[PDB]
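Here the structure is laid out as structure tokens; the discussion comes afterwards.
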Amino acid sequence: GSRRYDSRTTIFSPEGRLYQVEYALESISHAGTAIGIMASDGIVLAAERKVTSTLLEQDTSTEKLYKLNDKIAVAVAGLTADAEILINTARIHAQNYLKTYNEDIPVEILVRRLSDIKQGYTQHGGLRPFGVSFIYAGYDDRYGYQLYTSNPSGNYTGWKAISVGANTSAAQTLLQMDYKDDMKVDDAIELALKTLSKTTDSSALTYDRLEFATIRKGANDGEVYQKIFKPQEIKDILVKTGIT
Amino acid sequence: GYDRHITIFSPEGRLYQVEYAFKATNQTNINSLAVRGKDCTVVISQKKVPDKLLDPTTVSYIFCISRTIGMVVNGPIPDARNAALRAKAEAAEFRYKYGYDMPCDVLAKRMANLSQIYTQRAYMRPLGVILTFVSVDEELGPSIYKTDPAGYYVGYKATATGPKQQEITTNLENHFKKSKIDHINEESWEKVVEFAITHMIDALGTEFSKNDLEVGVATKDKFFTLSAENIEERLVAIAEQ
Amino acid sequence: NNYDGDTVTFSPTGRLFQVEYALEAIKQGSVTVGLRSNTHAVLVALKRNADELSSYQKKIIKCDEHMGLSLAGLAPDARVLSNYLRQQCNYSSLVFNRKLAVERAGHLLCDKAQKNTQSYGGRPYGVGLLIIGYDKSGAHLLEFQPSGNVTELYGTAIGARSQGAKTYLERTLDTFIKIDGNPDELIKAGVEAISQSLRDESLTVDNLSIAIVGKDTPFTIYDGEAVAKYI
Amino acid sequence: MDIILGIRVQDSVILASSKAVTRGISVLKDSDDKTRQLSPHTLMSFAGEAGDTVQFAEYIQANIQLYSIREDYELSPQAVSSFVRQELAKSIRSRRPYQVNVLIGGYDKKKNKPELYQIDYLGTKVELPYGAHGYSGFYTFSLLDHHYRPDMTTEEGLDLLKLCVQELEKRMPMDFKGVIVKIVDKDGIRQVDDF
Amino acid sequence: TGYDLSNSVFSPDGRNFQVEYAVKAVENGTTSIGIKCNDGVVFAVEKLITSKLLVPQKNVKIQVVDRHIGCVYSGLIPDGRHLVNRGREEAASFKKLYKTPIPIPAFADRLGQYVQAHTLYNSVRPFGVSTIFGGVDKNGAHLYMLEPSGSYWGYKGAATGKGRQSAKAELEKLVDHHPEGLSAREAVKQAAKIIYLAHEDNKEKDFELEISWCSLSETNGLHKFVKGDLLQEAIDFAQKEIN
Amino acid sequence: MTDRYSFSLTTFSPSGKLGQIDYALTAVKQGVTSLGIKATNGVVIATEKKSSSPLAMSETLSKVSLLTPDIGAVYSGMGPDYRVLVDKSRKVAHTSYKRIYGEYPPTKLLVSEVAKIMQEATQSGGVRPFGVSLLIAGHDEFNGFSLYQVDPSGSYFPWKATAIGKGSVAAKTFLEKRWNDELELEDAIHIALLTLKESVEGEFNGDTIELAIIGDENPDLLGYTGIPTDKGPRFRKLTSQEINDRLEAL
Amino acid sequence: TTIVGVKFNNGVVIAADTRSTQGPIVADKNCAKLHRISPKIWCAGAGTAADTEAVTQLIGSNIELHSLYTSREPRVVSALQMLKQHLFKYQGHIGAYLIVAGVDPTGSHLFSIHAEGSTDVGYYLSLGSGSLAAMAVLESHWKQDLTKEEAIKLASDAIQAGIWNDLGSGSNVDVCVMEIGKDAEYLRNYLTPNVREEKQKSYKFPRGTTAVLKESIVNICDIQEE
Amino acid sequence: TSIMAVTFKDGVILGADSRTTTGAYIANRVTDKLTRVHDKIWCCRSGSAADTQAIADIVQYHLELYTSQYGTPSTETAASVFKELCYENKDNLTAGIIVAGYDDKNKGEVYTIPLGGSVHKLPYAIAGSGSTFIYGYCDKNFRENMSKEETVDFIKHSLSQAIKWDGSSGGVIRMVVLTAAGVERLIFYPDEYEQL
Amino acid sequence: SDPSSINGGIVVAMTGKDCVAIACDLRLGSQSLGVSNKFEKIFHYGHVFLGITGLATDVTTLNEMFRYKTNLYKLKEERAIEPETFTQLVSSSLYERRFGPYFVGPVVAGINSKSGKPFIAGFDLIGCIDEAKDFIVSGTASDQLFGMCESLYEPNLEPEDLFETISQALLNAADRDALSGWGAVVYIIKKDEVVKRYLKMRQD
Ligand SMILES: [Cl-]
Ligand SMILES: [Mg+2]
Ligand SMILES: [Mg+2]
Ligand SMILES: [Mg+2]
Ligand SMILES: [Mg+2]
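Residue numbers (the working numbering), protein chains in the order written: chain A, 13 to 256; chain B, 2 to 242; chain C, 41 to 271; chain D, 2 to 196; chain E, 255 to 497; chain F, 2 to 251; chain G, 12 to 237; chain H, 17 to 212; chain I, 184 to 387.
Structure below.
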């Protein structure tokens, strides 16, 4: 019958690895690099769009940076379509929590929920896993500014600075070198752009190949603002930091 | 090489099970033809009864789907009857839900959508049949719409199906290149049937007796099949000029 | 070979190998005999032990006051099928106040076994059954195969070395069919029949299992010292 | 059950609940505690239909304790009260609704403020300086409207509560066998054993 | 290759090999026939006597559906029983909704669609039987034969099993020598002869003949088994023709 | 019976490739060329009506389809897969939007719904991916005119102008030289016809070309008068004659 | 509520009053009771106002999808069949009483529909609390072979009878004309015979009349930058 | 309602009034209660108009699907389909239907299906609120094998009386004739039948 | 027993020249017993304002439900929902509970950010839309509000004049209803400024 055609997506190898998870991670390593850096006064999210065209409408385009709510955003590395499925689920979970407790969802609770959904696809159901790695940038009043990552296995970890996608080994070494604990957002903006500029597979880093976002308490008094940078604003910050 | 057993893509972006279903279509070794008149739509098909123990009256590949719609099938009879039963059920349900007779082109689309599903869902196999639906539609007039195992369908001025479809197709093409009109300019359906049989004789190069053919005719508000004696009268008129 | 992975696959010669493998489990099982006259029907079964400390596996199961069977093959499968027969005998008595005909019981067993030979995921039953009974048309003996094939017979045998007993019954056909109104002589004929299938071992007091049903005799099973009279 | 009262003062929330349990004709018990600790700084008192009251209270308690363990964090009184309201708002359109009214007294350790929430079985929530359920408010609110100040001490709150209970014992037809009084503040929950 | 390992898979020819393998099981079975007469139908089947211990006349093979339809089949006997059980359900629901007993052509399609459905999926196996069936309805007598593929047509005469070629030839002679038609009683006699003649393909073991019929004049359009004197008369007629 | 294929038929290979999606894209590459161009005051989508037989009436086969009054779609790849996607897209525009908000969805969100359907055929049990790439053009009040491409994976991207299918690589280069941000709709139609001529072998006229625009509101195509706020559909399919008129000024 | 439908030479006209009520209170004085199922199929509803509007939009939505699926302009008989089967299923609990009219490739049609699923055919129909007042006018002045101008006149006269004589009806007359081979013309407030007279007095208050405790600016803007 | 069906020499004729009622208000004075479920199988409806329209629509669907598979259904078969719906849904329906049809083998046949969902084959049948007043008249005046003209007169006179006494009945008398020759509709106005 | 008058309360909305106003009382009660004088019945999602009267548990539930839905709307649409669109969402949401409804009387008020056009709308408990040019009323003193609005209202009132008109409409209506009062709030809404004013009124 049908058993003949079953790939068995949720089995261990003789070495105790999950075949499909490992292969999904291999897919993600070819996606555009996304970087997250956490500072004392905010968080930076920087990401590289994959080899674009002059005829792509950039100002209405979004493939890397997504808003989950007013306090939490994600950077995507992998299959965009897979990511949007999970992103919509995460947006709903955040609203479910807000309706139930009348408080904005703590960052870790949202991250754990999405990660558990990824885990399920590796243990039961016989379906392929989601080929997506996330960087979560968020703020809540318990832990303040937070950075997390999750991958197709459903495992998640916290970070001061982190990269996903292509050239993570090179990117992580550069971040480990220049990152300091007392760093500020404006310094972190410069570090993120400098790291992408050195790790990119493109010839030069220009405004049309980037997506950029900051989460600042640089919002008038005790509150948090998300800023998804416009094409002209990415062009200006590239001149300011002296990359173009 | 399990991409050849179920309906998933091959490295060339092909669906082999669909392609092999097209081949099953010619297993009966029967050719069919359909044309449009001013007021009617005619469909003819070869009839072959190879066993003397068979009851020849039960051997048929033309189906009365509804009062207005007829369907001829190219392919094995089990799959043909499967499609026939479903088409009959769909036409009846349509009339119940929407209060008017299901149009020929709409039924064709519906059966084509069902066929498309078999090409995408793995547990279901394609049906090895090509379905030619005929009617005189109340809005569009004389109509021929044909469906295949890929889920493709389109309207026709005229059409042909079977092992020798190309010969019949080119013969019909040449006639419409002369006349420069989209139909047979004839008042009666009897003469449109005579046109259909004549041009099949020309294209295949074979003569027909009354038991070698099977004819279906669609007029305003009814589709019907001809008896052997009705076909005989048609054959006599062809021979007498 | 390439066509024995499941029950849903015919071989190029039109064989169903999973069903044939299930048939093989019966041949490994211990011998059991069935025979009947016009008044009575008898089951004789050679029980098999694991070793000298162990008990002898029971072979005969009662289905109703007028019906029962003996098994050869997978014992748990016999339990499933005999349970189904108990239910069907019971449905007939409760709903219709009617004792289930032995022939109809065979038809029901055939249809239950068939469904397991045409669907994916399942497997055939791995047991053969000899059903005896007395109903409104007299004594009956049936043979069930897990292929679905059920056959009505005067006498038969299934299991290992069953061919010896089957030939003896084929010779004695004219004699034992006439043993009317004499239960002891009909059992004697069955014990003599099953003896044609023994090698190295003989019929002892905890080895032999006998069952009988008839005109004025409810289905009863004899074990232990109750069969010493026939040894 | 019967009378449940609440008052929020400067630095604490005080909940008072009756001790009687009556099975129609007889008073089966005169020492019943109509409250459950949901978290170290959050207390819930309850009254309504027999059985449903304790079943609901313990169900809520189990859920908040589960949250506390999972996150290693105590939910704010506001968050707990919202969770409770949703459960009752869900319940009111069920096959058989929970017939339970609650008061939630909590001390918010983040804002350093006491908070009192009143929720009825429909899921009607209000934050109040003082509250009650059933007929309790009909007797006590005129006294609370007069004497209440937002800057009252815990001792002044207990005294105003005594005046309320005295009025209840005078004008109510039912003998509710006194009240158990509990205080919720920055240090947690404690019971006043002489009242 | 591998196209023949799974049901419902088209081969590069456009063939379903699993269905073709089911036909092999049919060809391995005993011979069964059907004859359409003037006002009805006759069915007959060869029953191999495997042993003396088989009770004569007891293991009945031909099956009735409703009260006016007879069914006989060659191949896997259990598969045939399963198909008849479905047929009995189909006939029951038809009569329940529409009152009239199911017409034979209507009944034919019900079996046809059900058998065809077992060629659509790999989770099921095709039927290992060819079924000859028919009876009398409001439009007269009808005889059908249904294959593992779901294919069926109407017949003047029909045969299947190991001795089908021999039987078919005998049936073809009857069609040619009787264009006006055959009587019901003649058809019973002829059916006995054809089974006896077809038994040459199974000559090792002796056999038992089993005949049934539905006739407007002889059985009032109901299905009945041929028994006693009429059966013996047919056996005598058959034995006389082989000698 | 029962669908016993509850497992994924699209899985990751050791190299991280999703084979079935790649093969679906290959099927799209074999498909007939279709394109889209965005102007300041409109959007144009176009393709070739590759007729399978001259006896076939190619007007009965619609490659350019109306999804909503202000949104249209064209494809390259497997026609039947496109047809069922158009049915599903038309329905989801109502069920998940119009029956909730009382208005038609904006282009980007309808695209998002179609993308979701295509993503699920890439992960769900017992199914293959859709063998088509879609180009969806539309207008809405707050986003203005827009053009989107949707692939078998479910991924979608916004374009100023683009092409998919057979001769897409050459067509995209042709569009890069001609496109600017000051184009009027008539200029974009002219460029569309010039671009499409390169990938067409045989006849090139109004009967072999299918072309539609998202432009001004057409009150003449509304079917009723009396409601000032209802001004008619922005989607309009050009006639055979209208195409031929612009082929003389070519 | 008063709603009517009248057949004429080359089409059909429907009309309705513009009063919606909650018990004895007028909720809206200029209500729109003429609903569009499709461009040339319109219906008017009486009974539970949410039901008539919901059932119209559901069937209208499904009719639009059907029209796109079949590549044909929608038919009135389709709208009728879909409405009646939906309403029968809900056994009258969906309180929608409708007059359905329109033109399609088959011709011009006029039907009405009771909440429990029953339909009828006619040349002139009326529904609602003012249906008896309207039907009295229709039975007095209807003839075969009415012109467009005569049918509009008859329809609005029938609504006026409801307006003036039925307390459940009032205010203005809305009309929709559906002629064969033409666009359907929706004539909102075709008649306006109930304008309120000028009041005797202005009730504009001096500024500062109302006592105020607290004033504050409400932040409707999103969280700001910098 | 006043409805009836009568078999005669050449086939069967159905008759009905045209009055539909919600209380004392005549919601429709020109109703068509003679309903076609197949070419030569029609029915007369009485009871809830919603219920009888729903049932008749479903039967028409069932017989249309029957015809596509098995050819023209008998009148007995049509009656059985009506019965199945009326019997199995007896708790939720208020419907009294008379089924009339013409075969060539069976000629004219009449089946009546009252409230319970039972079936009764009869030479003629009467139903509806107005039928109570003409049991006496119809029993005295019905003969088997009447001519077409005699049967039209019998129905015209019978329904005339039913309309005269039953307030729920009225308007025009509609009739449908079912014979080998085809299907003929007849209508008779008040000025005609009131003077009988 | 009647769910729509257990808790009490009122809402009123009006249009003016380039502005809208929406106002409500502050009472929550358990029939005769006054429970809270701070129960506000007007909520806002972006620049769209929603007032809700009726059963208080449903008022709270629906506010939470529309906050939920408008938040997801904004994330997907990348813009704030407009009054016309939100009105349809309220109608849809109420009708889905046709045979088990929320016992409420919602009122929408706001200015379309693109056209600048003032907008108001009202609903019954099951979703029917009332889109009046002048004013909308809701609650246990809706009769009283209809009487005040019908005489006091005139078109094209300036923001500061409209404040006086709507305030006097609410106050005098509430004083003739036992289950309304205990405070009041008035929102004056212009295209890019909204002022909120608490009114001084009798506390019985
Ligand atoms: Cl479809
Ligand atoms: Mg498939
Ligand atoms: Mg009267
Ligand atoms: Mg008051
Ligand atoms: Mg008071």
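Ideal Cβ placement from N, Cα and C applies to all residues, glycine included.
Residue burial is scored here from C-beta neighbours: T125(D) has at least 16 other C-beta atoms within 10 angstroms and is therefore classed as buried. Residues of the same chain with a CB within less than 6 Å of the CB of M195(A), apart from the 5 flanking positions on each side, are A51 in chain order. Residue contact check for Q244(A) against chain I: no CB pair falls below 8 Å. In the structure shown, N212(B) adopts coil according to DSSP, grouped into three states.
Shown here, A28(F) sits in a helix according to DSSP, grouped into three states. With a cutoff of 7 Å, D344(I) does not count as near ligand 5, since its C-beta is closer than that to no heavy atom of the ligand. Counting the other CB atoms within 10 Å of its CB gives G199(C) a total of 16 or more, which places it among the buried residues. Contact between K18(G) and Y135(G) holds, since their C-beta atoms are separated by about 7 Å, short of 8 Å.
Taking 8 Å as the cut-off, the Cβ atoms of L186(F) and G145(F) do not count as close. Contact with chain A is found for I7(B), since one of that chain's Cβ atoms lies less than 8 Å from the residue's Cβ. In this structure, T373(E) has its beta carbon at no less than 7 Å from each heavy atom of ligand 2.
Look at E80(H): its C-beta is under 8 Å from a C-beta on chain B. Ranked by Cα distance from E279(I), the options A61(G), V24(G) and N200(G) are led by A61(G). Residue range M107 to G113 is occupied by the beta strand (DSSP E) that includes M107(C). The set of residues with CB atoms less than 7 Å from any heavy atom of ligand 4 reads, in chain order, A357(I), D358(I), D360(I), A361(I), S363(I), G364(I) and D387(I). By the neighbour-count criterion, in which 16 or more other beta carbons inside 10 Å mark a residue as buried, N130(C) falls on the exposed side.
Ligand 3 never approaches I42(H) closely enough for any of its heavy atoms to be under 7 Å from the residue's Cβ.
Apart from the 5 residues on each side of it in sequence, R335(E) sits with its Cβ closer than 8 Å to the Cβ of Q317 in its chain, given in chain order. By the beta-carbon neighbour count (other beta carbons within 10 angstroms, threshold 16), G143(A) is buried.
The C-beta of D73(D) has fewer than 16 other C-beta atoms within 10 Å across all chains shown, which makes the residue exposed.
Here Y165(C) has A62, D117, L121, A153, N156 and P186 as same chain residues with Cβ atoms under 7 Å from its own Cβ, once five neighbours each way along the sequence are excluded.
When the beta-carbon positions are compared, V378(E) and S159(C) come within less than 8 Å of each other. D363(E) has a beta carbon lying within less than 8 Å of a beta carbon in chain B.
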